[PDB]
Structures are given as structure tokens and as C-alpha cells.
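# Structural characterization, general
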Amino acid sequence: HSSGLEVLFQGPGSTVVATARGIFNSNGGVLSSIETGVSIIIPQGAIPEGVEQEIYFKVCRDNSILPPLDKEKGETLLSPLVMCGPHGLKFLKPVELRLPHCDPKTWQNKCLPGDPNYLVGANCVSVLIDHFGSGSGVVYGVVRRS
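- If you check the header, you'll see the entry was determined by solution NMR.

- The PDB entry lists the protein under the name Tight junction protein ZO-1,Myocardial zonula adherens protein, with Homo sapiens given as the organism.
- In the PDB, the entry goes by the title "ZO1 ZU5 domain in complex with GRINL1A peptide".

## Comments concerning the overall build of the protein
- For the protein, the helix and strand inventory stands at 0 helices and 9 strands.
- Helices and strands appear in the protein in the N-to-C order β-β-β-β-β-β-β-β-β.
- What you see for the protein is a C-alpha radius of gyration of 16 Å, in line with the 15 Å of a compact globule of 146 residues.
- Counting over 146 residues, the protein shows a buried share of 39%.
- Relative to all contacts within the protein whose residues are 6 or more apart in sequence, the contacts with residues 24 or more apart total 74%.
- Of the accessible surface of the protein, which amounts to about 8300 Å², a share of 47% is contributed by carbon and sulfur atoms.
- Here the protein holds 12 positive side-chain charges and 13 negative ones, and the gap between their average locations is 5 Å.

## Some words on the sheet that holds strand 7 (residues 89–99)
- The strand order across the open sheet built from 4 strands is 3-4-7-8, with neighbouring strands paired in antiparallel fashion. What marks the edges here is a single partner per strand, and that holds for strand 3 (29–33) and strand 8 (125–132). Each strand axis lies, on average, 20° off the axis of its neighbour in the sheet, ignoring direction.
- Pairing of strand 4 (residues 38–42) with strand 7, which is carried by 3 bridges, proceeds in the antiparallel orientation. Following the sheet pairing, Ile 41 is matched in strand 7 by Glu 96.

## Things to note about the state of the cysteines
- Taken as a whole and assessed by the stated rule, the structure comprises 0 disulfides.
- We note that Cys 111 lacks a disulfide partner, and the nearest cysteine sulfur, in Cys 102, lies 7.5 Å from it.
- Of the residues examined, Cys 111 reaches a relative accessible area of 37% and is grouped as partly exposed.
- Of all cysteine sulfurs, the one in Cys 102 lies closest to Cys 124, which takes part in no disulfide; the gap is 9.5 Å.

## A short note on the packing of aromatic side chains
- Per the stated rule, a full pass over the model turns up 2 aromatic pairs.
- Here the aromatic rings of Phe 132 and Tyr 140 are separated by 5.9 Å at their centres, their planes lie at 70°, and the arrangement is edge-to-face. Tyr 140 carries the same exposure label as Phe 132, and that label is buried.
- Chaining the aromatic ring pairs together yields one cluster made of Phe 91, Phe 132 and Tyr 140.

## Let's talk about the sheet that holds strand 1 (residues 3–9)
- Sheet architecture is open: 5 strands sit in the order 1-9-6-5-2, paired in antiparallel fashion. One side of each edge strand has no neighbouring strand; the edge strands of this open sheet are strand 1 and strand 2 (16–24). Neighbour to neighbour, the strand axes of the sheet diverge by 25° on average, direction disregarded.
- As paired elements, strand 6 (residues 82–84) and strand 9 (residues 138–144) share 2 bridges and run antiparallel to each other. Along strand 9, the bridge assignment pairs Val 82 with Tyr 140.

## Let's talk about the pairing of strand 5 (residues 53–60)
- Relative to strand 5, strand 2 runs antiparallel, the two sharing 8 bridges. Within strand 5, the position partnered with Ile 23 by the bridge is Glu 54.
- As judged from the 2 bridges shared by strand 5 and strand 6, these two strands associate in the antiparallel manner. Looking at the pairing, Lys 58 lines up with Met 83 of strand 6.

Criteria and thresholds
- Residues numbered from 1 in each chain as written, not as in the entry; some residues may be left out.
- Heavy atoms only, no water.
- Helix = DSSP H or I, 4+ residues; strand = E, 2+ residues; numbered from the N terminus.
- Rg over C-alpha atoms; globule rule 2.2 N^0.38 Å.
- Buried < 20%, exposed > 50% of the residue type's maximum accessible area, 1.4 Å probe, protein only.
- Contact = heavy atoms within 4.5 Å.
- Areas by Shrake-Rupley, 256 points an atom, 1.4 Å probe, with all protein chains shown as cover.
- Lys, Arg positive; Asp, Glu negative; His and termini not counted.
- Charge placed at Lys NZ, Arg CZ, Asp CG, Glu CD.
- Pairing = 2+ DSSP bridges.
- Axes fitted to C-alpha atoms, helices over the stretch in contact; angles between N-to-C directions.
- Disulfide = S-S within 2.5 Å.
- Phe/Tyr/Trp six-rings, centres within 6.5 Å; stacked < 30°, edge-to-face > 60°.

Printed below as a string of C-alpha cells:
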């Protein structure tokens, strides 16, 4: 039993509930998405000079996706999916992507006001992207093993 980062694919009509977008230049910067809690930090250099790349990640719901995990054993998704804006992107340096992944304790908890955001932002999933693949629905997603 363990959790990690994985790149899932979208088959049917994906459910886009959140959409983060931000044009980034060689200068660098980060793209935060409060709608879900996902933030992408780009190191000063990932993007070349004299260029402007519109990087937007759309956070979808966990319903219209192809989860390779095994729910029969208990596996599942505890992190909001993501849809890479541009398809076939290649940075000069890897970008740090962070997702709002909480502990498995709240996997089915009603969520109390005492600390419903405690680890929601602490145990975030970090993934480095130098180049973003190009697929019909190359999305991300935390894999909850069983």
C-alpha cells in the first residue's frame, strides 16, 4: 500500500472543473490553481529567451479517466487530475509541479473544519517535467496502490 505520481490518459468526455493558465517566459515563475490546489513552479531557464509559452493545466474530476490501478484491492485516486495545456511541449529544464494530495485517512472522511486542509497542501505530489507529452488526453494523477 502506497501512493505516488502517475500519468493517466483521458478516454471519454473528461470533466474539467478547474483550469489553470499562465504565459511563462524564460524569466520563469509559477502557476497556482486554488480551484484545486495545484501549483507549477518553473525554474528560471526552463523556457528559452525571446519566447512566450502559454502553459495551462486543467484539473478534471476522477470519473472520465483510464485508471490502471486496481480498485478491487483498494487502489484509487486521491489527487485532482491534470490536463497539460499545450501538447508536445519541451522545456530546456524540468518544471516542478505540485498537486494537492492529502493523507489516505480522509480518503472517505466528511472532512472536519478542525483541519480539512492540514496535509491537503503538505503531502503534495511533486513531479519534474522537462517536456510535456502529446496525447489525446495525457493527464496526471496520483496512484493509490493497494
